[PDB]
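Below you'll find the structure, written out as structure tokens, and then a few comments.
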Amino acid sequence: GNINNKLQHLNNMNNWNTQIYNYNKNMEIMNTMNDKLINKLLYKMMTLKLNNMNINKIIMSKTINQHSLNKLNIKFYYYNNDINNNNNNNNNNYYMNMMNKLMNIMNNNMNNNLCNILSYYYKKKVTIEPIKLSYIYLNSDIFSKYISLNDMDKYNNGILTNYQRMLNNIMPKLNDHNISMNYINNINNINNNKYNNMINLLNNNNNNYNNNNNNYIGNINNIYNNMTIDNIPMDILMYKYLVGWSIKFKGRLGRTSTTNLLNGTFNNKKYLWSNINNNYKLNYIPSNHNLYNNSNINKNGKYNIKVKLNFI
Amino acid sequence: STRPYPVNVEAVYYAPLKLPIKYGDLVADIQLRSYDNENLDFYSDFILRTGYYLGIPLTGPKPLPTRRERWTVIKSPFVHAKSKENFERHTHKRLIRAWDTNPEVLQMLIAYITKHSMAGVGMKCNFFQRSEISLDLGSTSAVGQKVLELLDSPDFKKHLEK
Amino acid sequence: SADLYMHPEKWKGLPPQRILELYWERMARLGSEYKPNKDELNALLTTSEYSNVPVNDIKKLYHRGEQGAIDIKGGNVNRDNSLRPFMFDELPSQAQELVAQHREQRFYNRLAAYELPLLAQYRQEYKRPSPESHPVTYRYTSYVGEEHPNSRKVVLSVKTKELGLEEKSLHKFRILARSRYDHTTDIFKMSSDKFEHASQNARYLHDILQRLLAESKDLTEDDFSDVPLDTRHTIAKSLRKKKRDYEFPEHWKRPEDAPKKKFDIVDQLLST
Amino acid sequence: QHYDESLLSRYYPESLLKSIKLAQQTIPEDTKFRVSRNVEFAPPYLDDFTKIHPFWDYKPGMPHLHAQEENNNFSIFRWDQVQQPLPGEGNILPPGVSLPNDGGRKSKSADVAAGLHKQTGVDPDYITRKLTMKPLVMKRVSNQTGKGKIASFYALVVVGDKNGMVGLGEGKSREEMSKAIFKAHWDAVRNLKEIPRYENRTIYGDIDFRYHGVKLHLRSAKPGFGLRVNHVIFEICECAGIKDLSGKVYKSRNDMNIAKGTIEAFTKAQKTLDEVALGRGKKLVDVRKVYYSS
Amino acid sequence: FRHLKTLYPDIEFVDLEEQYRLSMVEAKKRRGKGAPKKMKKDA
RNA sequence: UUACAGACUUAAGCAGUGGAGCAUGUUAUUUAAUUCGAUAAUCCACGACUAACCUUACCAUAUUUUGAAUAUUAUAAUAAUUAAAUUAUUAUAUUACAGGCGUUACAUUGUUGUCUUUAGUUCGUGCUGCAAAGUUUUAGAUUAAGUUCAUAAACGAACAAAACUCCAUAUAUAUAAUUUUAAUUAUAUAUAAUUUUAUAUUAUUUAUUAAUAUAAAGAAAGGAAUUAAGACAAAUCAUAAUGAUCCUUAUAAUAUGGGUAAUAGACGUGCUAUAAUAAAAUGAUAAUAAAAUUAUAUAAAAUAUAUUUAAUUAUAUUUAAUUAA
Ligand SMILES: [K+]
Ligand SMILES: [K+]
Ligand SMILES: [K+]
Ligand SMILES: [K+]
Ligand SMILES: [K+]
Ligand SMILES: [K+]
Ligand SMILES: [Mg+2]
Ligand SMILES: [Mg+2]
Ligand SMILES: [Mg+2]
Ligand SMILES: [Mg+2]
Ligand SMILES: [Mg+2]
Ligand SMILES: [Mg+2]
Ligand SMILES: [Mg+2]
Ligand SMILES: [Mg+2]
Ligand SMILES: [Mg+2]
Ligand SMILES: [Mg+2]
Ligand SMILES: [Mg+2]
Ligand SMILES: [Mg+2]
Ligand SMILES: [Mg+2]
């Protein structure tokens with residue numbers, strides 16, 4: 001039910017950043033090494049400058065390399081705060097900002113698109129799909145990179161009392177217990193709507209010998225009556241609500257100091273009150289929890305930003 | 001009258017249909033491998049649907065024994081070789097067999113399922129072609145060449161002189 | 001048309017949004033090879049009402065770029081909305097992965113509903129090769145979407161009793177095959193991956209087969225009838241596989257103790 | 001079930017009719033479909049798959065693993081917006097949750113009024129419109145613990161309607177002084193009491209009241225006399241609606257204990273003329289009031 | 001990264017790792033802790 | 001300072017350590033060098049899942065000097081662009097530097113070792129005290145044990161849990177045209193227990209109870225993960241990465257050879273052995289496994305020699321099958 005539906009569980013293939021299987025193990029090792037190197041290269045293409053005082057830093061997540069039999073798709077999430085023209089006018093409809101120029105060389109540029117260069121490096125068709133995230137706290141990887149690289153002036157002399165307050169009012173404190181119970185009631189309703197549909201379609205009779213072998217209940221419409229794309233999909237989708245988040249700091253910001261910010265819930269009650277079962281990613285990380293760490297260098301040296309989000 | 005749902009749409013909601021094997025001439029073995037079962041099984045189901053419409057009797061997906069690879073590491077970077085972490089990788093395998101089909105139709109199957117392949121799934125195909133004993137027109141190593149060149153060079157010919 | 005974006009002269013008369021879409025396509029497709037065109041600017045000035053952008057600004061924005069807009073803005077200091085409150089309007093990235101999974105499922109469902117049925121136009125009736133005229137089997141191997149050395153390997157297997165050899169020539173054939181013949185199964189199997197292409201390796205095995213058959217059918221000098229068949233290689237292979245060669249004794253069977261079907265009036269009455 | 005082309009041609013698009021015809025010639029009408037309990041190929045809902053959903057399907061023109069366009073034929077040239085907005089209403093606001101469109105506009109008085117109405121049944125309008133709140137004591141206290149000194153904010157406030165009703169409330173918070181004042185305001189409304197007032201301006205006679213270490217000497221005053229008393233007592237009198245009063249505090253002048261003592265004195269140390277008259281069976285006449293009567 | 005300035009002349013990329021290194025070099029020059037001039041083979 | 005409880009701590013049993021030889025690590029000493037750590041618990045077959053060269057970090061000798069990077073400015077060779085200039089690539093040169101297993105784990109990132117507290121914190125509301133504060137039964141019961149339960153002017157919520165899980169096991173369905181055969185199997189999905197019921201006995205807070213036995217049903221008996229806090233400024237700058245400081249014809253780079261394998265004593269961890277409840281031969285229609293490996297391969301059978309009828313063992317010759325249920 002939970003693992004038998006694409007909308008209620010995360011495919012284990014997504015637990016790995018390189019999604020591949022080659023019979024030729026050497027080619028698999030090579031593809032894995034190429035994915036790390038390209039990931040590093042892309043991180044170096046995210047910082048752009050229009051003028052000396054206009055440097056736009058795009059925050060990019062780690063890449064998801066989907067290796068199929070015929071092509072390689074490089075999917076990554078990115079966050080960009082448009083600070084150059086954040087107006088209510090339509091002036092942005094008459095020029096390409098630096099972030100649009102960068103995204104259009106991935107696939108659109110007819111002469112030097114990055115996909116064609118990579119297609120020779122990998123010897124297979126390559127596509128790049130950038131996906132824009134509008135908030136920095138929707139992806140643990142983007143959130144850690146932002147703090148580490150952009151919020152340094154807020155925690156380099158201790159965590160500002162305003163900085164911490166902002167990191168505690170990001171999300172309204174949703175009641176996990178009622179959201180968990182609302183989800184379980186919807187599942188029961190959908191499950192009881194299909195059983196009633198079949199019970200009625202059987203009691204109404206929709207070869208007696210054939211009435212002991214076949215299990216075909218009847219027309220597809222009747223079996224799935226009142227179960228459409230407008231009411232089933234969005235109600236069963238999992239990991240839809242952020243219910244907890246912990247941001248840690250460490251390093252030298254003459255001795256290293258660690259500060260921990262903890263806000264919200266780091267568990268899921270959908271698994272306790274229901275037969276739905278939790279799954280561990282890479283066999284050690286709970287599915288609901290997404291943890292990432294990003295480090296940077298200051299005058300004193302290396303400091304790490306460890307962020308953990310609990311989406312239920 | 002309600003909206004009619006034709007058989008093609010209805011088929012999608014049920015297990016894939018299979019064509020009967022008439023003669024039993026095994027023409028191809030498609031083995032699929034992945035490090036996870038979910039995409040592997042989903043893709044295997046899609047192959048059976050493609051074959052049915054192409055007129056290819058198909059059997060499977062037969063699950064083959066899962067291979068397990070194991071690596072044991074020491075958790076610490078420098079010393080403390082007494083605490084060791086375990087890691088593993090599972091190769092999931094499936095076998096789909098094709099019977100009593102012409103080579104051209106079999107190539108169409110492989111081409112289509114290649115065009116619409118899933119992430120992290122590999123595919124090996126063994127084709128079996130029954131032929132006649134005698135055919136028409138049928139169906140030097142680098143080291144050896146260099147040896148001949150070396151044995152003709154003066155540094156070697158100067159000795160072979162008899 | 002696909003090439004319309006390359007012909008700004010033909011944009012005149014297009015709706016406002018189409019002209020902007022063609023202006024954005026020419027910039028994305030050309031990139032550093034993009035040069036301002038008068039016709040393009042003329043069309044964009046016609047969209048000053050669809051966007052409500054001053055006709056003067058359009059010209060500057062069209063020649064200056066992002067810098068021009070920053071000047072029109074008057075400053076480059078926009079609030080830092082990086083920790084803004086959530087407006088329950090977007091999904092988490094992990095939930096967007098589950099939507100992607102579902103987008104893939106629906107993509108395949110749509111192919112199976114309306115694309116796979118069209119493959120039935122290519123159905124061909126199986127033209128079975130006669131088992132007697134076609135006794136040899138060539139196995140080829142293909143690693144799809146991979147460069148694998150074993151893809152060159154070709155295997156040839158045939159049942160010796162289907163080769164049309166006389167008794168004496170059949171014996172000489174089996175003697176000369178040595179480890180490549182399994183008497184238990186009667187299979188002669190030889191593989192070659194010596195060459196780089198499978199076709200080359202297939203010919204090589206075929207040529208050896210013709211050579212072996214010619215020697216086996218030339219019994220003018222030696223027929224090797226005195227030499228008995230050597231099976232030591234087959235025996236060694238058999239010792240490595242477990243043999244479950246035991247069956248239930250027939251004189252132990254008690255057919256009179258099997259359950260007897262009972263009489264069910266309902267099933268007997270439901271059939272009439 | 002197999003349907004004639006006519007029926008199917010009135011519901012499905014022409015482009016999809018050929019696929020339906022071929023499927024109705026390859027799948028026999030007597031096919032007994034079986035349900036798979038290992039792999040779920042179809043979605044959990046019914047869908048003919050004839051329309052591309054703007055959200056639940058891949059976006060036409062967007063690059064992705066199963067994109068069927070050639071790499072030079074994608075139609076996404078703008079990357080400043082989210083490509084696929086949420087379906088339906090456009091939000092996933094949980095049932096019972098409200099979109100925080102406006103933040104920082106709540107009124108602490110209205111927050112106190114709503115909570116008390118739900119907890120005690122008092123009228124919100126009276127609290128938010130008729131009551132005046134005045135902080136009397138605002139200090140920081142501390143508790144010494146094994147971990148270290150734990151500071152707390154203490155607030156003592158007085159509320160009143162200036163028409164006889166007055167209440168005293170206290171509040172503590174380890175976080176901020178504003179939270180301590182909110183709790184004190186909340187407590188003060190719950191402690192609202194009516195105090196007797198002579199001519200709705202002063203007290204009945206004189207009061208000599210002892211509250212712990214505080215000696216309160218309060219004297220009634222003539223009209224127009226004003227409040228000539230300790231500053232703590234002044235604020236309470238303002239909220240209660242006392243206009244004329246004289247008094248002196250002896251011994252302890254602890255603000256907290258003056259405020260509580262004053263409230264206690266106004267209730268436990270006063271007796272109305274009516275109550276005195278009824279208890280003694282006598283008529284009590286205000287000579288000054290009779291002198292100006294008809 | 002060095003090939004990006006010619007593949008995409010229109011876009012100006014910044015190498016933060018390289019930029020960080022150059023700032024550390026200038027800082028050491030200002031503190032007098034710069035690197036000694038390397039001897040020339042001709043000498 | 002008191003009284004509790006816990007473990008803490010011995011015993012029993014099996015095989016060992018401590019003795020011999022050898023293997024291996026460490027120490028000490030030696031040496032041109034015997035690279036460097038780690039080095040009580042928490043080092044000592046540890047870093048190291050393989051030191052002849054390489055590895056290598058050490059020594060001797062010889063040799064290289066913008067060196068592996070990025071950028072600047074020149075020079076060319078080359079291709080495009082543009083009417084010979086420009087731009088691309090490449091090489092050389094130029095100077096900022098590059099490089100450093102140089103120092104500092106007690107300046108750091110990260111990781112890890114060891115222990116310990118981890119039915120406990122904070123928040124909300126209520127209630128008590130003028131108040132700082134307290135939130136009261138309770139120093140509850142019970143279990144190997146938060147184990148399980150009960151209770152109080154407290155009642156909730158939230159995290160710290162536990163569970164919910166995953167594995168194993170039992171069963172069901174699906175898949176395999178049962179020659180890729182192990183169907184006695186493979187692997188997807190689902191179910192099952194944190195077992196349940198009856199009776200007698202002994203205790204009890206004696207009731208709708210625990211401890212016990214007895215009977216009945218059942219395949220049911222074992223595991224993993226599961227996070228919060230703090231400490232030793234414990235290990236690591238030698239997996240990689242950062243600051244400071246130092247070297248820059250040398251503390252950087254390459255080659256040849258040597259060393260890391262030295263040997264008085266000492267220590268740790270292993271192997272083999274000191275004979276009869278135990279060692280050695282022989283056992284071919286071949287007693288009986290599991291888990292792994294094979295495109296930077298696994299190597300059958302056969303033949304030849306040691307070598308003798310043959311077998312056995314070792315190697316050579318040859319290279320069958322398989323890139324694999
Ligand atoms: K040697
Ligand atoms: K230390
Ligand atoms: K309280
Ligand atoms: K079998
Ligand atoms: K050596
Ligand atoms: K012995
Ligand atoms: Mg061979
Ligand atoms: Mg043998
Ligand atoms: Mg075998
Ligand atoms: Mg010993
Ligand atoms: Mg050397
Ligand atoms: Mg060496
Ligand atoms: Mg340096
Ligand atoms: Mg060195
Ligand atoms: Mg009080
Ligand atoms: Mg040390
Ligand atoms: Mg050594
Ligand atoms: Mg045997
Ligand atoms: Mg042999």
Side-chain angles (χ1 to χ4, degrees), chain A residues 3-4 23-26 173 175-177 244 250-252 254-256 262 264-269 271-274 276-280 283-284 286 293 295 297-304, chain B residues 15 20-21 24 29 37 41 57 59-66 68 70 72 74-83 92-95 97 99, chain C residues 148-150 153 178-180 185 189-191 230 232-237 239 242 244, chain D residues 36-39 119 141-143 154 174 211-214 254 256-257 260-261, chain E residues 1-2 6 15 18 21-22 25 29 33-41 43:
Chain A
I3 60 171
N4 302 344
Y23 280 79
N24 185 1
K25 292 300 121 188
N26 309 273
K173 184 177 180 179
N175 175 10
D176 173 25
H177 178 87
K250 179 157 182 181
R252 305 211 293 161
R255 290 196 194 189
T256 187
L262 317 175
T265 292
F266 279 100
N267 62 63
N268 188 358
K269 310 166 184 180
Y271 300 119
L272 304 167
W273 326 142
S274 176
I276 296 169
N277 299 338
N278 188 34
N279 172 32
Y280 283 80
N283 297 4
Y284 80 105
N293 306 351
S295 64
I297 311 165
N298 66 358
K299 305 311 181 184
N300 306 322
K302 283 187 78 189
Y303 52 98
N304 181 43
Chain B
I21 299 173
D29 288 356
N37 69 272
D41 288 323
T59 53
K62 182 189 198 293
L64 298 176
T66 297
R68 182 182 60 174
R70 285 173 281 172
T72 298
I74 291 169
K75 305 162 190 194
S76 157
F78 170 61
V79 288
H80 306 110
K82 308 170 187 179
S83 58
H92 304 270
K93 307 170 144 200
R94 300 290 188 276
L95 178 62
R97 266 167 170 185
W99 311 77
Chain C
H148 195 301
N150 190 65
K153 188 176 182 179
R178 297 192 69 179
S179 65
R180 297 170 196 91
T185 69
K189 190 180 61 168
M190 51 173 186
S191 57
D230 181 6
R232 282 175 291 184
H233 65 284
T234 299
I235 299 168
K237 178 161 56 61
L239 291 174
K242 299 304 184 203
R244 299 183 182 183
Chain D
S36 178
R37 287 170 290 190
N38 257 7
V39 181
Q119 175 176 282
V141 293
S142 55
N143 185 40
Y154 170 85
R174 290 179 176 183
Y211 181 82
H212 298 256
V214 181
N254 185 315
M256 172 182 66
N257 293 338
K260 296 169 173 190
Chain E
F1 185 99
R2 72 161 179 284
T6 59
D15 198 320
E18 182 61 16
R21 181 185 75 69
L22 291 184
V25 164
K29 289 173 172 182
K33 305 302 202 182
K37 183 178 180 180
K38 184 187 186 62
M39 169 176 126
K40 280 288 188 174
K41 194 183 70 176

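To find a chain, count down the sequence lines: A is the first, B the second, and so on, and within it residues start at 1. These numbers come from the heavy atoms of this one structure, side chains and all, not from hydrogens, waters or symmetry mates.
- In this structure, E:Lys38 reaches the bases: a heavy-atom distance under 4.0 Å links it to at least one base atom across the strands shown.
- The residue A:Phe266 sits close only to the backbone: its heavy atoms come under 4.0 Å of sugar-phosphate atoms, none of a base.
- If you check every strand for non-hydrogen atoms under 4.0 Å, B:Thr66 touches sugar and phosphate atoms only.
- By the side-chain hydrogen bond (donor to acceptor under 3.5 Å, both in side chains) test, C:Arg232 is found to be paired with C:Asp230, residues two or more places apart in sequence or in another chain being considered.
- Under a cut-off of 6.0 angstrom, the local environment of NZ in A:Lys25 is crowded, with over 12 non-hydrogen atoms contributed by other residues, nucleotides or ligands.
- Contact annotation for B:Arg94: backbone-only contact, meaning every heavy-atom pair under 4.0 Å involves sugar-phosphate atoms and none involves a base.
- The base-pairing partner of F:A60, taking Watson-Crick or G-U wobble contacts with both distances under 3.5 Å, is F:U256.
- No engagement by E:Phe1 is indicated, since no non-hydrogen atom pair under 4.0 Å with the nucleic acid exists.
- Within 4.0 Å of B:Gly24, counting heavy atoms only, lies at least one base atom of the nucleic acid.
- As judged by a 4.0 angstrom heavy-atom cut-off over every strand, E:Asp15 is placed among residues making no nucleic acid contact.
- For A:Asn283, the side-chain hydrogen bond (donor to acceptor under 3.5 Å, both in side chains) criterion is met by no residue, not counting sequence neighbours.
- Contact annotation for A:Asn304: backbone-only contact, meaning every heavy-atom pair under 4.0 Å involves sugar-phosphate atoms and none involves a base.
- A 3.5 Å limit on both hydrogen-bonding distances identifies no Watson-Crick or G-U partner for F:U66.
- For B:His80, there are no ring pair (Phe, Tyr, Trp, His ring centres under 6.0 Å) partners, not counting sequence neighbours.
- Residue contacts shown for C:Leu239 include a base, since a base heavy atom lies under 4.0 Å away.
- Looking at heavy-atom distances under 4.0 Å, A:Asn300 makes contact with a base.
- Under the rule of centres below 5.5 angstrom and planes below 30 degrees, the bases of F:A139 and F:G140 are not stacked.
- Shown here are the side-chain hydrogen bond (donor to acceptor under 3.5 Å, both in side chains) partners of D:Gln119, two or more places apart in sequence or in another chain: there are none.
- Within 4.0 Å of D:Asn143, counting heavy atoms only, lie sugar-phosphate atoms of the nucleic acid but no base atom.
- Across all strands, C:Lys237 comes closer than 4.0 Å to no nucleic acid atom at all (heavy-atom distances).
- First and last contacts of RNA chain F with chain C, using any nucleotide atom under 4.0 Å from a protein heavy atom and ordered 5' to 3', fall at F:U181 to F:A324.
- Nucleic acid contact for E:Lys41: base, since at least one base atom lies under 4.0 Å from a heavy atom of the residue.
- Using a 4.5 Å heavy-atom threshold, the side chains of A:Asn267 and A:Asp176 count as touching.
- For F:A88, the base adopts the syn conformation, since its glycosidic angle falls within 90 degrees of zero.
- In this structure A:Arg252 satisfies the side chain to side chain contact (heavy atoms under 4.5 Å, CB included) test together with A:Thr256, A:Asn300, sequence neighbours excluded.
- Contact annotation for C:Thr185: no contact, since no heavy-atom pair falls under 4.0 Å across all strands.
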